[PDB]
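# Generate coordinates for the sequence data below:
(chains A, B, C, D, E, F, G and H)
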Amino acid sequence: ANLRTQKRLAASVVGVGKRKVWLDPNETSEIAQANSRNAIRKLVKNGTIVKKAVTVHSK
Amino acid sequence: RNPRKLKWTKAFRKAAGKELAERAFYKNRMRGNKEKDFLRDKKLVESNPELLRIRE
Amino acid sequence: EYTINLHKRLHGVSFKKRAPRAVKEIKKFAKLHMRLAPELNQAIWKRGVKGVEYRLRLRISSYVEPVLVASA
Amino acid sequence: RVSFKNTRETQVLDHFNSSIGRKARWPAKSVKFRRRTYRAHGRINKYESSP
Amino acid sequence: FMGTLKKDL
Amino acid sequence: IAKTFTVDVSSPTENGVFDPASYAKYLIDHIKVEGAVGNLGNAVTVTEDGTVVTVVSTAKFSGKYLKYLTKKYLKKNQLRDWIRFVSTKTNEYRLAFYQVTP
Amino acid sequence: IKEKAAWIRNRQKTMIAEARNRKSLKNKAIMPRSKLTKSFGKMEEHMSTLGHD
RNA sequence: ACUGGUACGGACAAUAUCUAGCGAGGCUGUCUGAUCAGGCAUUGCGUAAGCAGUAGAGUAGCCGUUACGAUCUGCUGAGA
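Residues are numbered from 1 along each chain as shown, chains lettered A, B, ... in the order given. Below is the structure:
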């Protein structure tokens, strides 16, 4: 249960920085196996890894 | 400072009808409050049918 | 369902540590009568370290949760 | 690797006597059972464990 | 002295 | 000049959690033409056929504004967390349930 | 009818309180509803308390 | 297209201690889309919310009259 590399890969794949990625806390076992960017893309498509929206704050 | 302006001083309560210049006097001052409460309640009840429905 | 008066328990505590200490109070509280839900932690920290209000309403089962009430 | 004095002096877990608060203590490490760093500029300060 | 209060009615 | 917007409310209606007539009433009572509510001067017309709501407008009207009115109506009925206003084609929309685990 | 008005006031206060409760301090990133998934028990309870079939 | 400077009338302006381990109510600014309610600015420096009145500076409909609305009174020595 060490998903640091998975978070970095998800941030790089989605291109939204590590402050915008959301790894499913109930899917640690599945995310732990995603050591490749193809697996990260599959997880993002599956909805396990989600990209957060930009903060709704008036300019 | 002006005592007649501050609400807690007896001068203000005497110069504004709050204090007699005793229980009957206060009851006389507070006549019709029940009617105002009833009208507010009626308006609030008739202005929110959906909330009444969810209540049921 | 209990009512905690954290105004009395946090009296005299430094204002930089009021919110964390309340967390230790509630854990103590449930120990006097009987794990805190993250919603309860959110309710505690709803206003920062200079946060916790005078009174809170909790439900203790021990698992302690905040409840939705108009006023306490 | 544990203090010799504290282990020699050894319910305690959940609660050589200089500057001890009134004298008893609760040494958890003893119950459960070389280095050097520069300070004051150049001056050598060797700290050693006491097993 | 205070008179009649709201609660006392 | 006239533009037509279609809302498909079949999926929530067949489940018995939605009333298209109330939605049409909300629209006709909240279109706010020219900044004034109830200023429908035949510029905007709303029709409710039971499963499809049709809004035909010659005034300033946009898909975003229809979406906003529908979302406000959903929030008023507190169905915002379950019903979603989505688009299928250009200026053709529908209401769909959010993802639910069986 | 004055019981119903009191209940309306109580529910309005409760709704305002829960709106404040869900609202937070300085705005953060939002997780969209379309990307997350909810269970069926919560939906059933909500649709029952709303008064639907 | 609906920008401004003008002369005028009236107020400003410079830390030590023990333990586990190691070890020689109001105001100014600002943010929550606006009220209500709060956060911050090293306490920054006594009549609640809501609603009503036909009273009400002013915005907006006609040559007796839509709508909005600062401020004032009542509910209220109330509320906390």
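# gap between residue G:24 and residue A:41?
To residue A:41, residue G:24 is 32 Å away according to C-beta to C-beta, to the nearest Å. Where you see a C-beta, it was placed from the backbone N, CA and C, and this is true even at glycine.
# So those two - more neighbours on which side?
Each of residue G:24 and residue A:41 has its neighbours counted (other C-beta atoms under 10 Å in any protein chain shown); residue A:41 has more, 16 against 11.
# Leaving out sequence neighbours, find the closest residue to that one.
residue A:13 (5.9 Å; C-beta to C-beta, 6 or more residues apart in numbering or on different chains).
# same deal with residue A:27?
residue A:48 is the one closest to residue A:27 (C-beta to C-beta, 6+ apart), at 4.9 Å.
# which residues does that neighbour contact?
A:23-24, A:27, A:30-31 (C-beta atoms under 8 Å, 6 or more residues apart in numbering or on different chains).
# tell me the contacts of the residue of chain A found nearest chain F?
As assessed by C-beta to the nearest C-beta, chain F sits closest to residue A:47 within chain A, at 8.1 Å. Residue A:47 makes contacts with G:35, G:37, as judged by C-beta under 8 Å, 6+ apart.
# Please determine how far it is located from chain C.
Distance of residue A:47 to chain C, computed by C-beta to the nearest C-beta, to the nearest Å: 22 Å.
# still on that earlier bit, out of the contacts of residue A:48, which end up buried?
Among the contacts of residue A:48, those classed as buried by 16 or more other C-beta atoms under 10 Å in any protein chain shown are A:23-24, A:27, A:31.
# ok, of these, which one's closest to residue C:10?
Residue C:10 has its nearest neighbour among the buried ones among the contacts of residue A:48 in residue A:23, at 36.0 Å by C-beta to C-beta.
# any idea which element whatever residue of chain A ends up closest to chain E lies in?
Closest contact between chain A and chain E, by C-beta to the nearest C-beta, is at residue A:58 (43.4 Å). Under the criterion DSSP states H and E, no helix or strand holds residue A:58.
# quick one: which of the buried ones among the contacts of residue A:48 is nearest to chain B?
residue A:24 (34.1 Å).
# any idea what sits nearest the residue of chain C found nearest chain G, other than its immediate chain neighbours?
Relative to chain G, the nearest point of chain C is residue C:70 (3.9 Å; C-beta to the nearest C-beta). Once flanking residues are discounted, residue C:70 sits nearest to residue G:13: 3.9 Å by C-beta to C-beta, 6+ apart.
# So what's the residue count around that neighbour?
13.
# next one: residue C:22
23.
# OK, contacts around it?
C:6, C:9-10, C:44, C:51-52.
# Which of those residues has the largest number of neighbours?
Ranked by neighbour count (other C-beta under 10 Å), these have residue C:52 at the top, with 27 neighbours.
# still on that earlier bit, name the element the residue nearest to residue A:41 belongs to?
Following DSSP H and E, the helix or strand that holds residue A:13 is helix A:4-14.
# I figured residue D:50 was touching residue D:1, is that so?
No: contact between residue D:50 and residue D:1 fails when scored by C-beta atoms under 8 Å: they sit 9.3 Å apart.
# measure the residue nearest the centre of chain B to residue A:25 for me?
When C-alpha atoms, centre = their mean is applied to chain B, the residue found nearest the centroid is residue B:33 (5.7 Å). Noted for residue B:33: a distance of 56 Å to residue A:25, by C-beta to C-beta.
# same deal with residue B:31?
With C-beta to C-beta as the criterion, residue B:31 and residue A:25 are 63 Å apart.
# Could you do residue A:50 as well?
12 Å.
# Equivalent analysis for residue C:11, please.
Relative to residue A:25, and taking C-beta to C-beta, residue C:11 is found at 37 Å.
# can you map out the strands along chain G?
Per DSSP state E, chain G carries no strands over any range.
# er, chain F actually
F:3-8, F:44-48, F:52-57, F:83-89, F:92-97.
# and chain E, which of these is closest to it?
Closest among these, using C-beta to the nearest C-beta: strand F:83-89, at 46.8 Å.
# so does that closest one get close to chain A?
No: Strand F:83-89 does not reach chain A (C-beta under 8 Å from any C-beta of the partner chain); its nearest approach is 15.2 Å.
# Give me the buried positions along that strand.
F:83-85.
# check contacts around the residue of chain B found nearest chain E.
When scored by C-beta to the nearest C-beta, chain B has residue B:26 as its residue closest to chain E, at 4.0 Å. Contact analysis of residue B:26 by C-beta under 8 Å, 6+ apart lists E:3-4, E:9.
# That one: helix or strand, and which one exactly?
Assessed by DSSP H and E, residue B:26 sits inside helix B:23-29.
# and that helix with RNA strand H, contact?
Yes: Helix B:23-29 reaches RNA strand H (C-beta under 7 Å from any atom of the strand) through residue B:29.
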